[PDB]
Amino acid sequence: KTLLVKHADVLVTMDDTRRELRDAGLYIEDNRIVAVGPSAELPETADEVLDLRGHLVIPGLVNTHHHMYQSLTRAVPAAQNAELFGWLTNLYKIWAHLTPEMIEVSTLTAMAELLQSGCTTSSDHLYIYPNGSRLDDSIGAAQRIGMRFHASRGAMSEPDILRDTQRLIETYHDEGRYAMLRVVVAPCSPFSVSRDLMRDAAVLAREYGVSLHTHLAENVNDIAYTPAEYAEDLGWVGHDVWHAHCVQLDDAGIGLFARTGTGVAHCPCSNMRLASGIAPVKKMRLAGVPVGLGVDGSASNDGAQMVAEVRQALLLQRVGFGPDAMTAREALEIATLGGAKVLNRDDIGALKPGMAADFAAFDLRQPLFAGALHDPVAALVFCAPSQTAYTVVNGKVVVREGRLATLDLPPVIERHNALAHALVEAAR
Ligand SMILES: [Zn+2]
């Protein structure tokens, strides 16, 4: 099956030479990009053709941290103005009533919000499995909606954790190029499980060639309870590892992550709404640490508009460090190539031959972009956050003219709100 994209106003490839083409497109075979360049230099037709004149086309955005199930409990009254501990104790009273269906529905809802904002690849971090829920429930939802997924097997405490983790890797992990599903070993944090499980997880992961992920140095209490030394000691450093938040990562931790290729998932909005603080991303990048973007759990954001996160990261770094702390293209790179690096994949994040057919298209004719066409690429970050006109994943159109095309979304969200209400009802 061939897919041809032509006449895009601007096409940022994020390729070897960071090309940004005008009046360009892509030639796709099944789920792989075979050709990228000026439209005149590309085939004139394909099985499906998207003439994106008037549009900004970008490689699919990559989300590197989430708690999708939290989409069911957003803006809960007791969580709105609480500090981490109160936020936690109240929300746990609610999450303890989660069901297999809720895990399925919330995954569909969260992925829909991401896809509709330009995000084509996403990981998640489901660390609780109540009332018989399973990672399997999220994976099924991801396969139905069509999002490239990195399903994490999170956990809190133990022997069962490891068996399930292995079961899931063997069942769902696809190490082949263009994989739409991959598994990740992810205990919630080094302080939520024993150091024994932490060591076991690392070896388990390295045995199957999968990645490791967890929360690290997100607040002041974490340090007092260093985090990076603790991580290196447990073997949690390497190209196959990435930690979320790291707002409190010290200079030594940074140097360490940089030399080992250990990644970090920056979540600006969450870091603000929960007041964790400003992570030194300007410093991290200067030090060479691979950084990606994360919307984080919907109970702590509470939105999931990926372009807005890219914008928030740029705005945040600048208020804490100055106008040259981060450029629009830098933010967009972290949201693309950075997310890929962090997930340890080289088959996404860029529009060029041999890469996965994932990309986002934005309509430059919207009023929000009016007067910003002096630099359409920068505009995506400097202007109000835009929804995509089209979202393509694995060569398939998932969002068409702003609508979810892989499934009928309204009944899903109606059910989502109905389950969200029943959930909070059960708790109270
Ligand atoms: Zn998190």
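Heavy-atom basis, side chains included; hydrogens, waters and symmetry copies ignored. Just so you know, residue 1 is the first one in the sequence shown, and it goes up from there.
The backbone N or O of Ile413 sits less than 3.5 Å from a side-chain atom of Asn417, completing a donor-acceptor pair.
Between the side chains of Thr109 and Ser106, no donor-acceptor pair is found at a separation under 3.5 Å. One side chain, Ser386 or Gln366, offers a donor N or O that lies under 3.5 Å from an acceptor on the other. If you check the side chains of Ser138 and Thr107, you find a donor sitting under 3.5 Å from an acceptor. Defined by atom type and a distance below 3.5 Å, a donor-acceptor pair is present between the side-chain atoms of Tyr127 and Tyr69.
Each salt bridge (charged side-chain N to carboxylate O under 4.0 Å, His left out) pair with one or both residues in residues 349-366, not counting sequence neighbours, appears once here: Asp16-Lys352, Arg148-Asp358, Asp363-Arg365. Sequence neighbours left out, not one pair with a member in residues 359-398 passes ring-ring contact (aromatic ring centres under 6.0 Å, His included). The stretch residues 254-263 participates, sequence neighbours left out, in these side chain to side chain donor-acceptor pair (under 3.5 Å) pairs: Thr260-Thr262. Among residues at least two apart or in separate chains, side chain to side chain donor-acceptor pair (under 3.5 Å) pairs with a member in residues 397-411 are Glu48-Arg400. Among residue pairs with one or both ends in residues 226-261, those qualifying as ring-ring contact (aromatic ring centres under 6.0 Å, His included) are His65-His245, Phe191-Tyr230, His213-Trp242, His215-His245, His243-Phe257; sequence neighbours excluded. Pairs of residues two or more places apart, or lying in two chains, that qualify as salt bridge (charged side-chain N to carboxylate O under 4.0 Å, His left out) and include a residue from residues 291-311 are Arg273-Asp302.
A salt bridge does not link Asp51 with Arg53: every distance from a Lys NZ or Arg NE/NH1/NH2 to an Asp or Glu carboxylate oxygen is 4.0 Å or more. Salt-bridge formation is not detected for the pair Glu29/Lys1: no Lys NZ or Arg NE/NH1/NH2 atom is positioned less than 4.0 Å from an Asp or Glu carboxylate oxygen. Looking at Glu330 and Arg18, no side-chain N of the basic residue comes within less than 4.0 Å of a carboxylate O on the acidic one, giving no salt bridge. Salt bridge absent: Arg182 and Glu175 never bring a charged side-chain N and a carboxylate O closer than 4.0 Å. Residues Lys341 and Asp346 are not paired through a salt bridge, judged by the lack of any N-O separation under 4.0 Å between the basic side chain and the carboxylate.
The ring pair (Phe, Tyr, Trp, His ring centres under 6.0 Å) test applied to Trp87 returns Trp95, not counting sequence neighbours. Applying the side chain to side chain donor-acceptor pair (under 3.5 Å) criterion to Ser189, with sequence neighbours excluded, gives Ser192. In this structure, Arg177 has no side chain to side chain donor-acceptor pair (under 3.5 Å) partners at least two apart in sequence or on a different chain. Listed by chain and residue number, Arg153, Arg167, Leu168 satisfy the side chain to side chain contact (heavy atoms under 4.5 Å, CB included) test with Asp164 (two or more places apart in sequence, or in another chain). By the side chain to side chain donor-acceptor pair (under 3.5 Å) test, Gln166 pairs with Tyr208, sequence neighbours left out. Residues forming a side chain to side chain donor-acceptor pair (under 3.5 Å) with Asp200 (at least two apart in sequence, or on another chain): none.
Across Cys188 and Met156, no two heavy atoms sit closer than the pair CB-CG, 4.0 Å.
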Next item on the list: Give the intermediate values and the outcome of side chain to side chain contact (heavy atoms under 4.5 Å, CB included) for residues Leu108 and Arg144.
Entry: CA-CA 8 Å; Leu108 294 174; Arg144 170 159 59 280; 3.7 Å; yes
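Here the side chains of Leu3 and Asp47 are not in contact, with every heavy-atom distance at 4.5 Å or above. Residues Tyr172 and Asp136 have side chains in contact (heavy-atom distance under 4.5 Å, counting atoms from C-beta outward).
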